[PDB]
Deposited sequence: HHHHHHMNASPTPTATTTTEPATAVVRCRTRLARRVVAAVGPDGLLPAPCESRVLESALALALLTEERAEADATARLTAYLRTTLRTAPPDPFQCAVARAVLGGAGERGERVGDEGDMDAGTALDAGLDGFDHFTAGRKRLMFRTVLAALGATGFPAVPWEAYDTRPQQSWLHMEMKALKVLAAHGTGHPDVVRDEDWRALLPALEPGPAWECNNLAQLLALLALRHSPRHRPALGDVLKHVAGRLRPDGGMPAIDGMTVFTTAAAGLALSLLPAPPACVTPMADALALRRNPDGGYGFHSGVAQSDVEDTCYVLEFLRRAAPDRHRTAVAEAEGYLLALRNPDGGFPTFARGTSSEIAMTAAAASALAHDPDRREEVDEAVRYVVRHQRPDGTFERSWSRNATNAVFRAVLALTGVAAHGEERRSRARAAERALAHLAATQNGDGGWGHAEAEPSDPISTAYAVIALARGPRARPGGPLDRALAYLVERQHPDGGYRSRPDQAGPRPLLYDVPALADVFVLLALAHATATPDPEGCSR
């Protein structure tokens, strides 16, 4: 057929091959400078795990020299080798690089993940400013999961590392420190670094399952993939980003729900209904959806994702319509929406356009939604790079993941024409395919925002999702 279909075919073979017999696509996270630096600081202060601290030191020096991250992580690394503003400043102050914020202690009180990180930073600031008496027993109590053996609580190495840097100041918690330092030291990757998270296999398996389910003839492996996801659902009916993550989130749950609706709607009928229930219980009064917890602010990409995921059930048409109306209201004067968990402009455009064009609509609302979708697709056309791709921002060089999101959106516009934006984007993706069938991309996932972390398995998965939508 076409060079695009040949590309799609080679990539689908690669993704299918990567799925294991347990139904999961492995999705390890690369080493990250922030967690590596905090681990070095911790092990160094405790005079522990000499072999690991030397590997961490060499990892940080190499990375700073060859592939330096953002300026904040660079400053963290240099400090150890030699609300977000509150958190990041307090991290640097704990490492001796700047002064502690002169804020009331209540400034630190607040994710269950963010809550633990901010309590740990509160303790570090109390001790660092010479006021250890300020720390209350409820502050220490929040940190107790960091003393449990095994992988980090919620697969979150930042939260455990900060908690342990705080807890090593408390005499009544130190008996438990030795054992957990051994398992922290045991997490180093082959390059000597500490990954941000244990992995992202639930998110990655769900997105890949969805992409495979959009192919003309989905592979047999979608069934064990669907099985592997459904048996990992949390009690509230939602999904976390990796095995062992108790805090469900809207983004993971929408990808799982979208996948199960296509590949296993009867086999996994109860998980499907529980995932819809999870989303509906989170819905905010304004018709939007938060990321984790009701009462926190609606977000555009989460609202669009939930609109599309719920649209399958005609019984939910009223909540879907209110979510799409929310998307229309929040479009910016230049046709864009607003980032978040992705650091590129194209992620929220792709979610918004799918919501604006999937939910069938007629009359005035059809015209309102069509105008919004056109402005967003026009923003993509206006910002497309000369090589046919998109970057993280309008003046950034193209990358396959940012381009994949734009392709998914453009596949909802008018048909590709020779030399048009969608045609040129697909040619860009065809040209970036590696001999082994895969894609390498700058990562787009952030957390804590805006700090990037790198799960390389996602590049293949999102490019396949784009090619499955566009063909």
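Positions of the deposited sequence absent from the coordinates, in order: 1-21, 104-137, 166-168, 530-539.
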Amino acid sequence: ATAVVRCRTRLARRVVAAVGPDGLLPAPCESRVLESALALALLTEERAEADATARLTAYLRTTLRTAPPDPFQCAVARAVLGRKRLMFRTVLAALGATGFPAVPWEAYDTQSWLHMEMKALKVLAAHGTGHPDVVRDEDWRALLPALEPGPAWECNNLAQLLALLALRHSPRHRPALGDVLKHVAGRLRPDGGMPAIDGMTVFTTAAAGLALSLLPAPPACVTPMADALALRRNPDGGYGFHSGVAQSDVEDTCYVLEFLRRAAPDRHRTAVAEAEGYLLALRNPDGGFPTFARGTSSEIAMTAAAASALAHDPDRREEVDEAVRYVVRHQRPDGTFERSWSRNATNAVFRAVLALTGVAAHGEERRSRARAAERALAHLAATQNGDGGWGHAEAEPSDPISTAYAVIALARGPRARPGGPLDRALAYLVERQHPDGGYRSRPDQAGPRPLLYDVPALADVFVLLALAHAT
From here on, numbers count along this sequence of modelled residues.
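Taking the PDB entry as given, 350-358 carries the higher mean Cα B factor of the two stretches 249-257 and 350-358. Mean CA temperature factor is higher for 67-75 when stretches 235-243 and 67-75 are set side by side in the entry. For the set 399, 154, 274, 319, the PDB entry assigns the largest Cα B-factor to 319.
Going by the entry's values, 110 shows the largest Cα B-factor out of 110, 303, 270, 383. Sort the modelled residues of the chain by CA B factor and residue 328 lands in the highest third.
Among the modelled residues of its chain, residue 312 has a C-alpha B-factor that falls in the highest third, as given in the PDB entry.
In this PDB entry, the Cα temperature factor of residue 465 sits in the bottom third of its chain's modelled residues, the lowest group. In the PDB entry, residue 336 places in the middle third of its chain by CA B-factor.
Placement of the Cα temperature factor of residue 143 within the chain: lowest third of the modelled residues, per the deposited record.
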